[PDB]
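Quick setup: one chain, the form solved without the partner chain, written in C-alpha cells, and binding and motion questions come after.
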C-alpha cells in the first residue's frame, strides 16, 4: 500500500539522515509502530537529555494526524505530563508533507523555543514564565531522571 510505501520511505530517512539530537525507527515486523528517543538540543536545560518516545502509525498516515507518545515523563507548558504534546501539526495542523524527520526537527526546535500560547501544563507554564530558577531546577531534575 502507498501508506506503507511512505512508511518505508520514512524508515530510510530516519535510519540514514536522522536530524541532530533525535532518532526514530519502525519495528521490522510493523512499520506502523516507531520507538524514538531525542537527545536534548543545545542551549537548553533539556540539553543532552534522553527523552524516549513511542510513535504509532495507522493507514491514515499521512492523511490523518497520528498520535505520538513519550516513553519518558513530561513537564512542559505545551506538553502534557502523560507524554502528549500540544502541537497543532499533529493535532490541528496536520499536513501530509510533514515526515517523521521534519516532525522530530519541529519537536527539538520547540525545546529551545516553547510556545506557551498553547498551554498543556499550567504548572510548567507558570514555572517557565514567572519562576525561571525553579523551572530550571525542575527541568534539570527531570533531565537527570531521563538519564536514569
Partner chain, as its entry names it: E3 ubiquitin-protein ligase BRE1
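Residue numbers count along the first chain shown, from 1.
Omitted here: the form deposited with the partner chain bound. The next part is about that form.
- None of 39, 110, 31, 85 but one reaches within 4.5 angstroms of the partner chain in the entry with it bound through a heavy atom, and that residue is 39.
- Mapping the unseen interface onto this chain, residue 22 counts among the residues with a heavy atom inside 4.5 Å of the partner chain in the entry with it bound.
- Contact annotation: residue 59 falls outside 4.5 Å of the partner chain in the entry with it bound, judged by heavy atom distances.
- The partner chain is not shown here, and in the entry with it bound it never comes within 4.5 Å of any heavy atom of residue 69.
- Among heavy atoms of residue 132, none comes within 4.5 Å of the partner chain in the entry with it bound.
- For the partner-free chain shown, just 52 of 52 to 68 comes within 4.5 angstroms of the partner chain in the entry with it bound, judged by any non-hydrogen atom.
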